[PDB]
Amino acid sequence: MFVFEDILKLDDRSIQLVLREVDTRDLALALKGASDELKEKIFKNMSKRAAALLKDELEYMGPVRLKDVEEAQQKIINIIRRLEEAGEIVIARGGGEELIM
Amino acid sequence: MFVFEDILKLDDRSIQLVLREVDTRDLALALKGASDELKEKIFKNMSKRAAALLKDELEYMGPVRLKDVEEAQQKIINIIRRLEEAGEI
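Per-chain numbering applies: from 1 upward along each written sequence, possibly unlike the entry's numbering, with residues missing coordinates excluded. In the order they appear in the text, chains get letters beginning with A and ligands get numbers beginning with 1. Hydrogen atoms and water are omitted, and side-chain values are computed over all heavy atoms in the structure. Residues with missing side-chain atoms are left out of burial classes, side-chain pairs and their counts.

A.B. asks: Before we move on, could you go through the overall build of chain B and cite the residues and values that matter?
C.D. replies: Helix and strand counts for chain B come out as five helices and zero strands. Of the regular secondary structure in chain B, the N- to C-terminal order runs α-α-α-α-α. Overall, chain B is about 35 × 30 × 20 Å in size when its C-alpha atoms are taken along their principal axes. Whether two residues are in contact is decided by their heavy atoms, any of which lying within 4.5 Å being enough. By sequence separation, contacts in chain B at least 24 residues apart represent 81% of the contacts at least 6 residues apart. Comment: elements are numbered from the N terminus, with helices defined as DSSP H or I runs of at least four residues and strands as E runs of at least two.

So, in structure tokens, the structure goes:
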């Protein structure tokens, strides 16, 4: 039941490993549908240059379709799912939730 | 009217001025709707690495939709028109 905002509960190392399997177009389309907070969490884990290429693309693109944004997000979630099986995804320090049955 | 195959008639310098303005994704989708001689013309105008960066995209992408390929070719034609009314072409 993982959704795109759950990326906020993964450690910096996981996000960096996930950023290597996505291309520039998919990472940018997904960001147009992210919280200001997930955005900074994402920019913080990219090199100085990789981030500048990203801002280039974001300015270059313009108006995009909602469904294209949702598709880019699912493609990024499937990568995470794949890297999890190879044991490379780790939940952050305070990234756990208290539940009630 | 200017269609995508008419790019086979711009010279090397003009093509280098166009490749500068287009992003990786638009070029990959666009070339997926090109003849073999238009692909060769564009490839001899981009660096050994740029063509490597393009192979990656092309392979990372997989199957694509005809509407997106058409949308990518139109973006490039729009860039070409901007460059023409300027005088840079």
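A.B. asks: Tell me about the interface of chain A and chain B, and please be specific about residues and values.
C.D. replies: Of the residues lining the interface, twelve residues belong to chain A; the matching set on chain B comes to 13 residues. Summed over both partners, the interface of chain A with chain B comes to about 920 Å²; 28% of that surface belongs to carbon and sulfur atoms. Should a side-chain nitrogen of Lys or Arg be within 4 Å of a carboxyl oxygen of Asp or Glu, the pair is scored as a salt bridge. At the junction of chain A and chain B, the tally comes to eight salt bridges. Polar contact is defined as a pair of N or O atoms within 3.5 Å, subject to the rule that within protein one atom must be able to donate a hydrogen and the other to accept it, and that residues adjacent in sequence are counted only when both atoms are side-chain atoms. Our count for the contact surface shared by chain A and chain B stands at eleven residue pairs in polar contact. Among the elements of the structure, helix 2 (24–31), helix 4 (48–61) and helix 5 (66–85) of chain A are those that each provide at least two residues to the side of chain A that touches chain B. Here the residues of the side of chain A that touches chain B sort into two nonpolar, no polar and ten charged. The term buried area means the drop in 1.4 Å probe accessible area that two parts suffer when joined, counted for both and summed. Following the grouping adopted for this structure description, the nonpolar residues are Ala, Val, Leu, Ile, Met, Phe, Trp, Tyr, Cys and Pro, the charged ones are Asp, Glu, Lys and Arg, and the polar ones are all others, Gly among them.

A.B. asks: Explain the packing of helix 1 (residues 12–21) of chain B against helix 5 (residues 66–86) of chain B to me, and be specific about the residues and the numbers.
C.D. replies: All names here are of chain B. All axes are obtained by fitting lines to C-alpha atoms, using only the stretch in contact for helices, and the reported angles, taken between N-to-C directions, cover 0 to 180 degrees. Contact geometry of helix 1 with helix 5 gives a least axis separation of 10 Å together with a crossing angle of 120°. With respect to helix 5, the element helix 1 is oriented oblique. The chirality of how helix 1 crosses helix 5 is right-handed. Residues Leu17, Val18 and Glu21 of helix 1 pack against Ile76, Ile79, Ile80 and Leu83 of helix 5. The class makeup of the residues in the contact of helix 1 with helix 5 is six nonpolar, no polar and one charged. Each angle is binned into one of four classes, with values under 35 degrees roughly parallel, values over 145 roughly antiparallel, values of 65 to 115 roughly perpendicular, and all other values oblique. For a crossing to be left-handed, the near helix must be turned anticlockwise from the far one by less than a right angle; the clockwise case is right-handed.

A.B. asks: Can you lay out the packing of aromatic side chains for me, pointing to particular residues and giving the numbers?
C.D. replies: Pairing of aromatic rings covers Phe, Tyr and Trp, the last counted by its six-membered ring, and requires centre-to-centre distances within 6.5 Å; plane angles under 30 degrees mean stacked, over 60 mean edge-to-face, and any other angle means tilted. Overall, the coordinates contain zero aromatic pairs over all chains when judged by the stated rule. Think of it as a cone above the ring: NZ of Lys or CZ of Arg counts as a charge over the ring if it is within 6 Å of the ring centre and within 35 degrees of the ring normal. Just above the ring of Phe43 of chain A sits the side chain of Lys55 of chain A; from NZ or CZ to the centre is 5.1 Å. The residue whose ring lies beneath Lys75 of chain A is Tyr60 of chain B, and the NZ or CZ to ring-centre distance is 4.4 Å.

A.B. asks: I'd like a description of the layout of surface pockets, backed by residues and values.
C.D. replies: Whether a set of points on the 1 Å grid over the protein atoms alone is a cavity depends on a 1.4 Å probe fitting there but being unable to get out, while an open set qualifies as a pocket with protein on both sides within 12 Å along at least five of seven lines; lining residues are those with an atom within 4 Å of a point. Grid points are joined across faces, edges and corners, and a volume is the space filled by probe spheres set on the points. The volume enclosed by the largest pocket comes to roughly 1400 Å³. Considering the residues around the largest pocket, the lining is formed by 37 residues, among which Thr24 and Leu53 of chain A together with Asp23, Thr24 and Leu53 of chain B are closest to the centre. Elements with a minimum of two residues in the lining of the largest pocket: helix 1 (12–19), helix 2 and helix 4 of chain A together with helix 1, helix 2 (24–31) and helix 4 (50–61) of chain B. No other element matches the seven residues that helix 4 of chain A contributes to the lining of the largest pocket. Its residues assigned to classes, the lining of the largest pocket comprises 16 nonpolar, seven polar and 14 charged. Estimates place the volume of the second largest pocket at around 770 Å³.

A.B. asks: How would you sum up helix 4 of chain A? Please name residues and give values.
C.D. replies: Compared with the 20 Å implied by 1.5 Å per residue over 14 residues, the 21 Å span of helix 4 of chain A between its first and last C-alpha is a close match. Where the residues of helix 4 of chain A are buried, they touch helix 2 and helix 3 (36–43) of chain A. Multiply 1.5 Å by the residue count of a helix minus one, and that product is the helix's expected span.

A.B. asks: Can you lay out the side chain of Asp23 of chain A for me, pointing to particular residues and giving the numbers?
C.D. replies: Along the chain, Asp23 of chain A falls in the loop between helix 1 and helix 2. Take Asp23 of chain A: its relative accessible area is 11%, and that puts it in the buried class. Here the side chain of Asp23 of chain A touches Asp26 of chain A through a polar contact of 3.1 Å, landing on its backbone nitrogen. Looking at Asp23 of chain A, its side chain comes within polar contact range of the side chain of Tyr60 of chain B, at 3.3 Å. Three labels apply to residues, based on accessible area from a 1.4 Å probe with only protein chains included: buried if under 20% of the type maximum, exposed if over 50%, partly exposed otherwise in between.

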